[PDB]
């Protein structure tokens, strides 16, 4: 029962932009937390890049589970957790954030906004709050009409890629991952 990432994004026609994020990498090895956090930012963006508007999805990896919600408007939200964390509480968390986010930030500050420009400090507070679902607010106005059982599940994040698309070329060419993080993934290319 752990939450790792909680980032709010935007899906423009040209690119997908990060607006505000929050991380919890205290469970990882100390000299890996920097690299790990970068991957969670890279994934959160990549999932939105492959997901369409007005749809929910949950890409699965071994011992990790990323949940994405893209509204009818191009405002998105990605939360990363483990296998134990229930998907319903994950999406419930995503909705209450994107509602408070549209309340504080204008709709034109979204397609060109940046984490240093966007103003929302309550992301790190919610990430630590919803760490235990038994200590989460029971919003029955939300989850009563969230599910449609049409939330696309993915066995890996390769299911979002094209037929000839290689994830190896996406990592090494990414501009969100550092040089030490790409080389850290190269030691992960040896199947760890």
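Positions refer to the first chain, counted from 1.
- Mean CA temperature factor is higher for 133-141 when stretches 53-61 and 133-141 are set side by side in the entry.
- Once the C-alpha B-factors are averaged per stretch, 155-163 and 29-37 rank with 155-163 first.
- Highest C-alpha temperature factor among 110, 85, 91, 120, as the PDB entry reports it: 110.
- Placement of the Cα temperature factor of residue 44 within the chain: lowest third of the modelled residues, per the deposited record.
- When the CA B factors of the chain's modelled residues are split into thirds, the value for residue 184 lands in the highest one.
- Per-chain ranking of the deposited C-alpha B factor places residue 78 in the lowest third.
- Ranked by C-alpha B-factor against the other modelled residues of its chain, residue 171 falls in the middle third.
- The PDB entry assigns residue 18 a C-alpha temperature factor belonging to the middle third of its chain's modelled residues.
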